[PDB]
Amino acid sequence: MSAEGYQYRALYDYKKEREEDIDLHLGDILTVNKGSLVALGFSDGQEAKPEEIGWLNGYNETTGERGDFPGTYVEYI
Amino acid sequence: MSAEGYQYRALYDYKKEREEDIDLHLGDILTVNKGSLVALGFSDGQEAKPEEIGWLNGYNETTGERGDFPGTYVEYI
Amino acid sequence: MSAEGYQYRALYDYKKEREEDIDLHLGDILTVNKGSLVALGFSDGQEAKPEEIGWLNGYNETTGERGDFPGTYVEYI
Amino acid sequence: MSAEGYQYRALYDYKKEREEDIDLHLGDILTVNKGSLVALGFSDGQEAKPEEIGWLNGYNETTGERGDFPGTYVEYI
Amino acid sequence: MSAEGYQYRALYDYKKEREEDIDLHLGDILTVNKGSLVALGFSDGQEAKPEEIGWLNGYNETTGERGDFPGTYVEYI
Amino acid sequence: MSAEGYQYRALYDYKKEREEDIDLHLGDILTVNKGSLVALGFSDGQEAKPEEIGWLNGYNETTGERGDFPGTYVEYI
Amino acid sequence: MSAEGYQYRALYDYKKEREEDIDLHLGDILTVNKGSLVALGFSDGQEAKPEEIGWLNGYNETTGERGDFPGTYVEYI
């Protein structure tokens, strides 16, 4: 198993578990705004994205790309 | 197994589990705005995307690309 | 198994599981706006996309591309 | 198995599971606007797309492309 | 006299001159290409625009806009 | 006289001159390419714009905009 | 006379001169390429713009903007 490169997160997972009778309770979320609000530039104001998912066993991206996003791929063979 | 490159998330998952009788309760989400709001530039105001999914076992993208997005692919063979 | 490149998420999934009698309760989502709102530029106001899906076992894109999006593919063989 | 390239999500899924007697309850979504609203530019106001799907086992795109979208394919053989 | 703003070239010219018996000789321009040439992407090859003007006393634009050019004007009064 | 702002070139010219019997000789320009040339991406090859002007007393733009050029003006009054 | 701001070149010119019988000789320019050339990315190859002007007394821009150029103006009054 090999990895190289600049900024990478390479988890090599090997887990074997028996997990029984778990009760887990999170709680709720409240965001309140009262009053006059002015937001300027790369500001936000009150950015508030509610994402409620149950049973993540795969892959999830919630990707907010806000701005100016260039990308150049260059390969010589 | 090999990986290289600039900013990558290469998880190599191997998990074998038995998971029984789990009760899990999240809770709710409330966002409130009272008052006069002015948003300018790459600001947001109150951006609030509700995504409720149950049983993610595959792949999910919620991708908000807001702005100016160039992309150039260049390959020499 | 090989991977290279600039910003990639290469998950190599291998999972073998037995999962029984799970009760899971999420909760609800409320977004409220009271008052005069002015949104300018790449702002949003209150962007609020409700996506309720059950049993994601495959692929999902909710892709909001808002703005100016060029793309150039160039390949020499 | 090989992958290269600029910004890619290459999941190589291999999952073998037995999944029984799951009860899962999401909850509902409410978005409220009271008051005078002015939206300008690449703003939104209250963009609110309700997508309720059950049993995603394949592929799904909800793609909102709002703006100016050029694309050039160039290939030399 | 007032100026503000992001990237501006505000010349405030005040010149009072007496200019006599000037002899000025520029010379010529030659561009030669020999050989096989392949140009790809936002490349050029040999872009070679000959502009010969005499006695510029006003305004001149030779503007080569090659590509993808969006522009949005937004004004609230 | 006032100036502010981000990246500006504000020349405030006041010049009063007597300029007599000047002989000035520039010389010529030759660009030669021999051989096989391949240009890829935002490359150029041999970009070679010949601009010969005599007696610039006003304004001149030779503007090569090659690529992807968005612009957003946003003003609240 | 006032100036402020981030990166500015504010020349406040006041010049009063008598300039007589000047002989000035520049010389010529030759660029030669022999051989196989490959240029990739934001490379150039041999970019070679010949600009021969005589008697610049005003303003001149030779502006090569090659790439991805966003600009956002935002002003609240």
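Residues numbered from 1 in each chain as written, not as in the entry; some residues may be left out. Chains lettered and ligands numbered in written order. Heavy atoms only, no water.

In the PDB header, cryo-EM is given as the technique by which the entry was determined, and 3.4 Å as its resolution.

J.: Tell me about the overall build of chain A, and please be specific about residues and values.
T.: Scanning chain A for helices and strands turns up zero helices and eight strands. In terms of C-alpha radius of gyration, chain A reaches 21 Å, well past the compact-globule figure of 11 Å for 77 residues. Taken over the C-alpha atoms alone, chain A extends approximately 55 × 55 × 15 Å along its principal axes. Each of the 77 residues in chain A was classed as buried or not, and the buried ones make up 26%. For chain A, the exposed surface amounts to about 5,200 Å²; the carbon and sulfur share of it is 49%. Seen as two clouds, the 7 positive and the 16 negative side-chain charges of chain A have centres 2 Å apart. (Helix = DSSP H or I, 4+ residues; strand = E, 2+ residues; numbered from the N terminus. Rg over C-alpha atoms; globule rule 2.2 N^0.38 Å. Buried < 20%, exposed > 50% of the residue type's maximum accessible area, 1.4 Å probe, protein only. Areas by Shrake-Rupley, 256 points an atom, 1.4 Å probe, with all protein chains shown as cover. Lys, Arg positive; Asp, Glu negative; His and termini not counted. Charge placed at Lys NZ, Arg CZ, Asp CG, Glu CD.)

J.: Go over the interface of chain A and chain B, please, and point to the residues and values.
T.: Listed per partner, the contact involves 77 residues of chain A and 77 residues of chain B. On the chain A side of the interface with chain B, the three residues burying the most area are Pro 50, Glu 52 and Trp 55 of chain A, jointly 10% of the side's total. At the junction of chain A with chain B, the criterion picks out two salt bridges. Put simply, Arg 66 of chain A and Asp 44 of chain B hold a salt bridge, and the shortest N to O gap is 2.6 Å. Summed over the shared surface of chain A and chain B, the result is 74 residue pairs in polar contact. Mapped onto the side of chain A that touches chain B, the elements with two or more residues apiece are β1 (2-3), β2 (15-19), β3 (23-25), β4 (29-34), β5 (37-41), β6 (51-56), β7 (61-68) and β8 (71-76) of chain A. When residues of the side of chain A that touches chain B are assigned to their parent elements, the largest contribution, eight residues, is made by β7 of chain A. Taken together, the residues of the side of chain A that touches chain B sort by class into 31 nonpolar, 23 polar and 23 charged. As paired elements, β1 of chain A and strand β1 (residues 2-3) of chain B share two bridges and run parallel to each other. Counted as the bridge partner of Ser 2 of chain A is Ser 2 of chain B from β1 of chain B. (Contact = heavy atoms within 4.5 Å. Buried area = accessible area lost by both parts, 1.4 Å probe. Salt bridge = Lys/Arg side-chain N within 4 Å of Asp/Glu carboxyl O. Polar contact = N/O pair within 3.5 Å; in protein donor to acceptor, adjacent residues only side chain to side chain. Nonpolar A, V, L, I, M, F, W, Y, C, P; charged D, E, K, R; others polar. Pairing = 2+ DSSP bridges.)

J.: Which residues make up the arrangement of the chains, and what values go with them?
T.: Taking C-alpha atoms only, the smallest gap left between chain A and chain E, which are not in contact, amounts to 11 Å. These two, chain D and chain G, are apart from each other, with no contact and a minimum C-alpha gap of 11 Å.

J.: Describe the sheet that holds strand β3 (residues 23-25) of chain G, with residues and values.
T.: An order of β3(E)-β3(F)-β3(G) is seen for the three strands of this open sheet, with the pairing classed as parallel. Lying at the two open borders of the sheet, with one neighbouring strand each, are β3 (23-25) of chain E together with β3 of chain G. Looking at each pair of strands side by side, their axes are set apart by 0° on average, direction ignored. (Axes fitted to C-alpha atoms, helices over the stretch in contact; angles between N-to-C directions.)

J.: Report on a nonpolar patch on the surface, specifying residues and quantitative values.
T.: A grouping of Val 38 and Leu 40 of chain A together with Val 74 and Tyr 76 of chain G is seen on the molecular surface, where their side chains present a nonpolar patch of about 340 Å² in accessible area. Broken down by secondary-structure element, the contributors of at least two residues to the nonpolar patch are β5 of chain A together with β8 (71-76) of chain G. Tracing the backbone shows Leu 40 of chain A in strand β5. (Patch = residues over 30% accessible without salt bridge, like charges linked within 9 Å, V, L, I, M, F, W, Y side chains within 5 Å.)

J.: I'd like a rundown of unusual backbone geometry, residues and numbers included.
T.: Residue and element names in this part refer to chain A. A positive phi angle, near 30°, is found at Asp 21, a position not held by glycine. Mapped onto the fold, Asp 21 is located in the loop between β2 and β3. Using a relative accessible area of 57% as the deciding quantity, one classes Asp 21 as exposed.

J.: Could you give an account of the interface of chain C and chain B, with specific residues and numbers?
T.: Facing the 77 residues of chain C at the interface are 77 residues of chain B. Roughly 7,000 Å² of surface becomes buried between chain C and chain B when both sides are summed, with 47% attributable to carbon and sulfur atoms. The largest share of the area that chain C buries against chain B comes from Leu 26, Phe 42 and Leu 56 of chain C, three residues that together contribute 9% of it. There are 74 residue pairs in polar contact connecting chain C and chain B.

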